[PDB]
Chemist: 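Dropping the structure in here first, questions after.
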Number of protein chains: 4
Amino acid sequence: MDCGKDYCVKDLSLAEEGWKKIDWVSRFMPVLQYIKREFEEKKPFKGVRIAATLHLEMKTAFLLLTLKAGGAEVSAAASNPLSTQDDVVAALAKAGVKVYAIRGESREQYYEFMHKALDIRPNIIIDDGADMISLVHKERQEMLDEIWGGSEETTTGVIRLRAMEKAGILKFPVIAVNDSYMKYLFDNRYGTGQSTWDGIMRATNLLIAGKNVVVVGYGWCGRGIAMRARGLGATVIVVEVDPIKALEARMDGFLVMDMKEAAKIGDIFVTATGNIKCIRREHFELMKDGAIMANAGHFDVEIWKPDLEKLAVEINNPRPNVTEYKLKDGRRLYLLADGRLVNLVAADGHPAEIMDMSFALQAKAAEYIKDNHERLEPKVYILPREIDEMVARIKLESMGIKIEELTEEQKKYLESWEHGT
Amino acid sequence: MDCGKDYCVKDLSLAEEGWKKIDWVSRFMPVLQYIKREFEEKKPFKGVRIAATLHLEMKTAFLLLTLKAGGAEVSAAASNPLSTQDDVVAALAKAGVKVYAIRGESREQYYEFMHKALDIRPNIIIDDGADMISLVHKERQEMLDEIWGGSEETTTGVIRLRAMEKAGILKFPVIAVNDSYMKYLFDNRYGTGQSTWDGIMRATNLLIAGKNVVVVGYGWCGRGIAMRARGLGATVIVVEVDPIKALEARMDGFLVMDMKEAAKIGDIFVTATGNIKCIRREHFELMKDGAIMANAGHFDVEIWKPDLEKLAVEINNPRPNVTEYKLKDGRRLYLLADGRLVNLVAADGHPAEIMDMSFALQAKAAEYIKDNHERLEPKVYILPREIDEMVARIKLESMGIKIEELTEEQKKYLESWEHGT
Amino acid sequence: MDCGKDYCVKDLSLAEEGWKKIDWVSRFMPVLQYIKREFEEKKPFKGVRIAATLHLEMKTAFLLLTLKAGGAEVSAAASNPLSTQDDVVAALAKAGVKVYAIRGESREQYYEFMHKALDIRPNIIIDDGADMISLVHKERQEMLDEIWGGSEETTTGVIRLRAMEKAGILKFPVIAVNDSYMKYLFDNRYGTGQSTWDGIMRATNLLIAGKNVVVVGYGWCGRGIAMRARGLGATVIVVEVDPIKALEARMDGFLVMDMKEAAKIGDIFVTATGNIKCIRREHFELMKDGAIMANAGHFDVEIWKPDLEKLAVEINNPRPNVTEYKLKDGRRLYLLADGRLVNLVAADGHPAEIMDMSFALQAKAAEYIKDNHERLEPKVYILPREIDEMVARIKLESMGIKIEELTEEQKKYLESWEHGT
Amino acid sequence: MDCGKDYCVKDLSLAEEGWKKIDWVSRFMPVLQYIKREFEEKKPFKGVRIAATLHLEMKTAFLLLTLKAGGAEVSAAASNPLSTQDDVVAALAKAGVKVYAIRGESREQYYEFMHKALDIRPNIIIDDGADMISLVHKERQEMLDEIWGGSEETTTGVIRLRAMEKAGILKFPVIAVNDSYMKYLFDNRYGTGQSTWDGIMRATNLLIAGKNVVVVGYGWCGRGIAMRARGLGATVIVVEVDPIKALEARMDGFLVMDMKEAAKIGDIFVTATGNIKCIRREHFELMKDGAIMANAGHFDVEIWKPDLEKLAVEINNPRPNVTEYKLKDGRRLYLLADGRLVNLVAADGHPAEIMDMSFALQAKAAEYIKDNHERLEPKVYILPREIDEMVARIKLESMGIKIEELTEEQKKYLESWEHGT
Ligand SMILES: NC(=O)c1ccc[n+]([C@@H]2O[C@H](COP(=O)([O-])OP(=O)(O)OC[C@H]3O[C@@H](n4cnc5c(N)ncnc54)[C@H](O)[C@@H]3O)[C@@H](O)[C@H]2O)c1
Ligand SMILES: NC(=O)c1ccc[n+]([C@@H]2O[C@H](COP(=O)([O-])OP(=O)(O)OC[C@H]3O[C@@H](n4cnc5c(N)ncnc54)[C@H](O)[C@@H]3O)[C@@H](O)[C@H]2O)c1
Ligand SMILES: NC(=O)c1ccc[n+]([C@@H]2O[C@H](COP(=O)([O-])OP(=O)(O)OC[C@H]3O[C@@H](n4cnc5c(N)ncnc54)[C@H](O)[C@@H]3O)[C@@H](O)[C@H]2O)c1
Ligand SMILES: NC(=O)c1ccc[n+]([C@@H]2O[C@H](COP(=O)([O-])OP(=O)(O)OC[C@H]3O[C@@H](n4cnc5c(N)ncnc54)[C@H](O)[C@@H]3O)[C@@H](O)[C@H]2O)c1
Ligand SMILES: O=c1[nH]cnc2c1ncn2[C@@H]1O[C@H](CO)[C@@H](O)[C@H]1O
Ligand SMILES: O=c1[nH]cnc2c1ncn2[C@@H]1O[C@H](CO)[C@@H](O)[C@H]1O
Ligand SMILES: O=c1[nH]cnc2c1ncn2[C@@H]1O[C@H](CO)[C@@H](O)[C@H]1O
Ligand SMILES: O=c1[nH]cnc2c1ncn2[C@@H]1O[C@H](CO)[C@@H](O)[C@H]1O
C-alpha cells in the first residue's frame, strides 16, 4: 500500500504502464476528446469538487482527467473491488486525482476508501451502482448541503435511486445517465454484448460455437449478450420473467424456457437481470458437468454463490477468474470472476469507443448539474435529448459519416393531417 | 358488378375462395380466437355499429367477423385501393358485413366507398392511415356526436391524428393502437421485415443475396426490413435523418450514408419513412440500370412518382406490380406495386400470426372505447400496458412456452434501495 | 390441349403472358445474355438437335431460346409435372421450340411427352433428374448412336448416372453440370435457400420467425435452407446421417437431433436429402397439430405420402398447394406442393440471377459435348474449372466488381518451399 | 536461464501455472482424452522418437503428453517465436518432454532450438509450417533414413511440401493433416474465426461493431474471420483474387473490392491468404488514421513490414502486441502482434475443443505413419476419411448428440438408377 491523505493505491511504480493504457484508449475516444478540448478552454469546473465511484480502468481514468482538465478537483473510489486496475490507478494518483482503490480490496476497505473519496466534500457525485449516493444519505448527512447533485451510470443504480425518491429519502437531484438513449442503446447492448464474450473467452479459452448458451434476462444487456453469442455460433436460450420480452426473444430466433429447463441443457450461463437469485440451488443441481457460469449484472447476487458453496464438497481455483465447485456426484461447475461483472473482472470492460459515448454523457451530466442545480428538485432526472443528439452527431462526424437531413417540406408534412390518399 | 345498399364488390361468386382464405389464416390466429370465444359468450358489441378502414385481406376479415360475432354491425372500406382481395371481400359481403371495396378502385371510388361505410353511422371507427377519421371531421360532421371514439392502426395515422389534436380539430377520443408494445415491436418490425421481402420476391423473382439493399428509414419498419434483408444475404445500407438511429444501424453492422450516395450503389431500394419525397428526381438520375424500388410506408408519396414520370421517355408494365420507367440514356428503373405498400399489394400482407396480435389489440381497443369513451377527452391515448401483457401471455401459452416467474423476495429486491455492495 | 406434331401445350393463347415473363427474367441474366450474343454470331449449334428435360418456367425458356439462337433445333419436356408454367410453354411453342408439357399432367403423359421430345433424334440431351437419359437407355436404344452426350443438372440425377456408369450400363458421355463449383455452391445453396422460403411463405402466409424449423439434410441445399430460415428468425434444427455434417450444423449454431426428436418439436419441416422416406409414419404420428411439411429435393419420395394417407381420416385442400391430412385424434398436418419441390411448385423456382449461372454452365456443357464428344468415353465427366472461372468473371464484371489479382511474385511464392521463418 | 541437454526454457519455476493450464484445457478435449486412454493401454509408440514443431501452449502440451503416454520419447520446438507460453513449456520440461523454446526468442535461436529438437533423431516429425521438415532436408540430411514420415498441420506447410514433392526433393512421406475434413472445416474456419477476434479484442480493447473490417482472403480461415466479424457487428469487406470465392463472399452478404479500394475505408484489416505482400506500401499510404492491422496467416509476410518501416518517421510500442507506425503526415497505423498470427500471439490460440479435433487427427497421423510408412512413397498424402468420421463420431457422442441412421432401403436407393418419376 502506497497510502497518504491524497490517495491509496497498491504501488505507485505501476504508473508508467497505467499511462500507456490511458493514452492508448483515449486515441479512440473522439467524443470525450472533443469535450476535453472544450473543458480545457472554458474551465467550467474551476473551483468545483467532484467525487466519483466508477470502475477504475483506462477509460474511467480518461473521464476523470477530462473533468480535472476542466478545472475540477477530483476524487475516486472503486465501483467494484475486483474491476480496479492497479496500474491505471497509480497513474491517476500521479496526475493528482485523489483515488483510493486497490484491486481485490475487502468490503471494509471498499467502504473506507469511498469515505476517503467523500472527504473532498464534493459538489458533484458521479456514481456507478448508487453505493456512494446511498452512503452519503446513510452515513454522511453532514455534507448533503454542499452537494449540487449526483449522476448515476447504471440500471441497478437508477432503480435504487428511483426507490429512494418514492420513499422521500432522496435529498439532492440525480441525473439518470443510464436512461439516456446514447447510453442504454449502446453501452448496455453493444458494449456488454462484446465485452461479456471477451471476458468469457479470456478466462476459459473455450469454444462458443455449438454451445447451448443460456442468457438470463432479455433487457438491453441480455439482448446484446444473446445477439453476440449467436454471432459467435452458439445456440441461444433466453430466460425471462416479462412475457413481452420473452416473445421478442422467440421472434429474434432464440429458444425461450424457464430457468429449470434451461439449467438442464445449458453449457454456458450468463445473467443480466440486475436481480437477486436468478440462478440458485435447484438450478445448480440440474446442471451438466463442466457448465460455465458468468454474471454481467452490476452486483454479484444474480448467481447465488452461498448455494454453490453448500452443494460443493471442494472449491478449487484451476485458473485465474475460474472457481470450481465440485459436487457430491463428481460434477464440476465453474463460476467466472467470482460471480462479478465478467467483462470488467476477467477482461478490460466495455470497448473504448462505447465508454467514449457513456462517459461523454457523464461529463455532460456533471456540467448539467453545475449549470442547473439551483433549479432542480431532489428527484431523478434524465438529460435533455438534445445532449444525446449532440453526442451522436460528434461521433458520426468522427466516423466520417454524413447522414440525410429533413427538408422543411418534410417537417411540415410530418406536422400535417390533411394529406391522405 | 355486385353493388347495392349493403355492399359493393367485384364478384360475389368469388366468395367460396374467400372463405377458404379466412378459414386458413384463422387456424393460426390463437389470440384472436381466444377473444372471439369471449365475444361470442358475452356479446359486448350487441347494438353497436363499427365502421372499419383496413387492408381487406383474410386476417382483416377474421377481425371483422370476430367483431360481428361479438354482436357488432360492421361496415368496411379499403385502407388502400390495391390491397383489397376481391374473394375475401365477397365472403365478407355474404357474411353480412357491409363492405365496399374493389381491388384497383380509383381514388374517387375509394372515397365514395369510404362514405358508404360511414353511412352505418358508426359508434366506433377502426382506421388504418387516418383517412376515415379525417373524412368524418372534414365531410361528415353531422354524425360526430354518434361517434364514441376511433382507433388507429399505423404510424402514419397516429402522426396525422396527433397533428389534428394539436390543431384543436379532433372531436373524439382516438386510441393509438400502433403505439402499443405488442404492435410496434412485432407488427412494425417482424411483420414488415418478412412480408416486404415476400412481396419483392413474389413480384420480381430476383435474388436478394449479394445485392446492395438500401433501406430508407431505420425506425421499427426499417430495422425489420434491414434485418431480414441481411438474413437473405443482402448487403444493407441504411439512410436516416436521425443521428441516434443512424449510429444504431452502424452498430447493427450496416453501412450508413445519405440518399445521394446510396442512390449510386443500390440495387434494391425500400422506403420505410412515413415521409414525403425520400427518393426523388436527383436520386433516380443516379441509379444503376435495372434498380428495383419499393415502398413499405403507408402512402405512395415516399418515392416521388411525378419525378420518375418526368424523367421517363417510356412507361411500360413488364409484370403485374412492376412499372418500368425507361430514361433518355436507356436506363430502366423499376417501381414495384405502383409505389404502394409492397407487402400488401404484391403479396398477402403480414403473416397470420403477426396480424393475430395487432388485431387482438384492435379488438381490445374497440372494447376500451366502448367502455371508457365517456371519461376520455378528444385526444390520442395509448392502451394500458396490461392489455399488451395479456396479449403476450395468451400467445406464449398457445406456443406452449412457460416462462420464469418472479419470487416475492425478487420483487422486494427490485423495489429496494438499501442493498448495495 | 393445343397438340400437334411439333408441340403439346395447354393453351397457345397464353403465349403473350409467357413472353413477358421470359423477357423480364432475361434482363437479369447477364451471363447467359453474354453467351447468347456469342451463340448468335457464331451459330455453334447449326444443324444440331437438342432435347431437354427441365423445369419449364421463364429462365429455362431463356436457356432454350439461347440454344435455338445458336442454331439448335430444340425439343423440351417437363422435369416435373407440376413445375411447368403453361404460359411460358405456350411462348416456347410459338418460338418454334418443340415442347410437350402441361402443368398437372399425369405420369403417363409425362412419359408420352418425354418420348415426343426424344422424337427429334437428339445429338445432345440436357436433363434434370436423369429420367430422359434413363428413358433413352431403357426404351429408346435405337438412337444411342446418334447421341453425342448428355448433361445433368441436379444432384439426384448425377447419383443415378454415376450408378449407371458403375454398373456398365451408361452408353454415352454425361457432363455432371451439378458438380461444377458455379452450380452447387450457388444454385444448390443460395438459390434453394431463398426460393424454398419464397414457396413456403407464398403457400401459407405464415410467420417464419419464432418457429422451430427442422431441416432434414445438411448438404448444399440443406445448409442454404437452414441459413435463410435463421435469417428469417426461425430456430433451426438439423437432422443428418453424416457425422461430419452434423457437427458442422452444430458449429453453425443449429440444434442437431434425430428425426423422431425433431418430429416432436418442429413447426415447419423441410427435406433436402435426395433420399427416400426421410419423414415417414412414425414421425407424422409425433408431430404437433398444424405442422407444415415441404420437400426441396428432386423427387416427391422424401416425405412419404402413402404413410400420411394411411394415417388420415380425411384429406382436404384448404389452399392451393396445401394438402391437409386430418388424423384420428383430430391433429391436422399440412403438406405443401403435394410433397414436390416446393420452390418450383408453390413459387417461381430459383431467382433469375442464380439460374443465369446454372444455365450458363448448361449452355457451355452443350457446347463442350459438341466440341468433345469424339474424344469422351461413356462416363460421367465434370466441366473443366476454367469454365467455372469464366462464368464467375463475367458475373463479377456485370456486377461492376473488380477484384485483386495475383502478382507474379505471389504466384512464385505459392510454388516455393524455401521461404520459412 | 534453465537450459541443458534435455531442454531449454525461460524458467522452470513457472511449471506449476503451466500444469494448471494443461489440466484445464484437457477437461474440454474429449476426443484426445479418448485417444490417450487407448494409447495408455496399447503403448503404440513404445521405442518411438517424435520431434514436434507446434505452437507451444497448453493444448499442444496435452497432445505431446498424450504421445508420451503412448510410449513416445518426445522433443519439441516452437512453430513461432512469439506463440510460446513459457509456463506451459516449463511444465513440459518437468514431464520429461525435450522442449526448446523461449517466448520472444530470435530467429537464430528458433533454428538452434529446432536443431536441438531434431537431435533426438526422430522417427516421426510433427510439423506446423513445414520449417522442421524443410530443415531436415536442407541441413540434417544425415538422419533422413531414420525418419519414417512427417505430418503437417497447416495450409502454408502443405503448400511448401507439395512444392518440395514437385521438385523431387521430398525424401519421406508426409501426411497433410490440414487437408482432413475434420481439420480445415473446423479449425481453419470456426477456430480461426473465434480466436482471431479474441486476440484483436484482447490486444486493443476496441469495438468491433460498426467498424469496416477488411478480410484479405476468403478461404477457410478468411470465411471464418468474416463470419465472426459480422457476428460481432462489423461491416465486412472481402478482398480476393479468386473470382469464385469473391462471388461466394458477395452472396454471403459481404462487400467485395480490391485491396486499394479496401485500404481507403477499412478500420481493421485482417490477412488470411498464406501469401506474400497482400498489404504493402501503397495500401498503407491510403489507410485512415488509427487503422488496426493483424495477420492470421502462418508467416509474418502477409502485411509487408519493411514497407511500413520505410513510411514511418517513428515506430513506438504503445501496448504489448501493438506497434505504432507514425507517418510523415501524422497518421498513426497500428500493427498487432508484430504481424504474426494474432490469435496465438495476442491470445491463447484456437479454443480447446477445436484443437481437440485437430490434434486428435495429428495423433492418428503419427500412428498412420508408424503403421504404413513402408508402403508410402516420398509424397504428400491425406488421411483416409474413415479417420475423420471416427473423430466426428467421438465428438458427437461426447456432446450427447445422437444423429439419424440410414436404413438399408435408403442405402440401396442411393446406389440405384432405376427409381425416377
Ligand atoms: N457488465 C456491464 O458492463 C453492464 C453494462 C450495463 C448494465 N449492467 C447491469 O446489467 C443489469 C441489467 O441491465 P439492463 O440495462 O439490461 O436492465 P433491463 O431492466 O433492461 O433488463 C433486465 C431484464 O431482466 C429481466 N429479469 C429480471 N429478473 C429476472 C429473472 N429472475 N429471471 C429472468 N429475467 C429476469 C427483466 O424482465 C428485464 O427484461 C443491471 O444490473 C445493470 O446495472 C452491466
Ligand atoms: N405493413 C406495412 O407495410 C407497414 C407496417 C407498419 C408500419 N408501416 C408504415 O411504415 C412507415 C414507417 O413506420 P415506422 O413505425 O417504422 O415509423 P418510425 O417513426 O418508427 O420510423 C420512421 C423513420 O424514418 C426516418 N426518416 C424520416 N424521414 C426520412 C428521410 N427523408 N430519410 C431517411 N429517414 C427518414 C425517421 O428518422 C424514423 O427513424 C409509416 O408509414 C407506417 O405507417 C407499414
Ligand atoms: N429444389 C431445388 O431447386 C433444388 C436445387 C438443387 C438440388 N436439389 C435437390 O436437393 C437434393 C439434395 O441436394 P444436395 O445438393 O443438397 O445434396 P447433398 O448430397 O449435398 O446433400 C444431401 C444431404 O442429405 C443427407 N441425408 C441423406 N439421407 C438423409 C436422411 N435420411 N436423413 C438426414 N439426412 C440425410 C446426406 O448426408 C447429405 O449431407 C437432391 O435431390 C437435389 O437434386 C433441389
Ligand atoms: N490459427 C491460425 O491463425 C490459422 C489457422 C489455420 C490456418 N492458418 C493459415 O492461414 C492461411 C490461410 O489458410 P486457409 O486454410 O484459409 O487457406 P485457403 O487456401 O483456404 O485460403 C487462402 C485464400 O487467400 C486467397 N488469396 C491469396 N493471395 C491473395 C491476395 N493477395 N489477396 C487476396 N486473397 C488472396 C486465395 O484465393 C484463397 O482463397 C495460411 O497461412 C494457413 O497456414 C492460420
Ligand atoms: O471499461 C469500463 N470502464 C468503466 N465503466 C465501464 C466499463 N465497462 C463497463 N462499464 C460500466 O459498468 C457499469 C456497470 O457497473 C455499466 O453501466 C457500464 O457503463
Ligand atoms: O395482412 C394484413 N392485413 C391487415 N393489415 C395489415 C396486414 N399487413 C400489414 N397490415 C397493417 O398495415 C398497416 C399499414 O397500413 C400496418 O400498420 C400493419 O398493421
Ligand atoms: O426456376 C427454375 N428453372 C429451372 N430450373 C430450376 C429453377 N429453380 C430451380 N431449378 C433447378 O431444379 C433442379 C432440381 O430439379 C435444381 O438442380 C435447380 O438447378
Ligand atoms: O492453441 C493452439 N495450439 C496449437 N496449434 C494451434 C492453436 N491455435 C491454432 N493452432 C494451429 O496453428 C496453425 C497455424 O500455424 C493452424 O493450422 C492451427 O491448427
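Note on naming: letters A, B, ... go to the chains in the order of the sequence lines (proteins, then strands), and numbering restarts at 1 for each one. Start at 1 and go down the list; that is how both ligands and their atoms are numbered. When reading the values below, keep in mind they use all heavy atoms of this one structure, side chains included, and skip hydrogens, waters and symmetry mates.
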Chemist: Considering both backbone and side-chain atoms of B:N178, is one of its nitrogen or oxygen atoms within less than 3.5 Å of a nitrogen or oxygen in ligand 2?
Modeler: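 There is no such contact.
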Chemist: Should B:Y184 be listed as contacting ligand 2, given a heavy-atom distance under 4.0 Å as the test?
Modeler: no
Chemist: Any atoms of ligand 2 less than 4.0 Å from a non-hydrogen atom of B:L341? List them with their elements.
Modeler: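 Answer, ordered by atom number: 3 (O).
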Chemist: Need the ligand 2 atom indices (1-based, order shown) with element for anything under 4.0 Å from a heavy-atom of B:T154.
Modeler: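 Under 4.0 Å from B:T154, ligand 2 has these atoms: 7 (C), 8 (N), 42 (C), 43 (O).
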Chemist: Can you tell which of D:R160, C:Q410, C:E404 gets a heavy atom nearest to atom 31 (N) of ligand 4?
Modeler: C:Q410
Chemist: Within the structure, does B:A296 bring an N/O atom to less than 3.5 angstrom of an N/O atom in ligand 2?
Modeler: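 Yes: some nitrogen or oxygen of B:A296 is under 3.5 Å from one in ligand 2.
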Chemist: Can you find an N/O atom of C:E57 closer than 3.5 Å to an N/O atom of ligand 7?
Modeler: yes
Chemist: Among all protein heavy atoms in this structure, tell me which lies nearest to atom 39 (O) of ligand 2, with the distance rounded to 0.1 Å.
Modeler: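 The answer is B:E240 OE2, 2.6 Å.
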Chemist: May I ask you to check if ligand 2 and B:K183 share an N or O to N or O distance below 3.5 Å?
Modeler: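 No, B:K183 has no N/O under 3.5 Å of an N/O on ligand 2.
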Chemist: Test of understanding: given a 4.0 Å heavy-atom threshold, classify the contact between B:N275 and ligand 2 as side chain, backbone, both, or neither.
Modeler: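 Side chain only.
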Chemist: Have a look at ligand 2 and work out which part of B:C221, if any, has a heavy atom under 4.0 Å from it: side chain, backbone, both or neither.
Modeler: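 Both the backbone and the side chain of B:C221 come within reach of ligand 2.
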Chemist: With a 4.0 Å cut-off on N to O distance, would you call C:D131 and C:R160 a salt bridge?
Modeler: yes
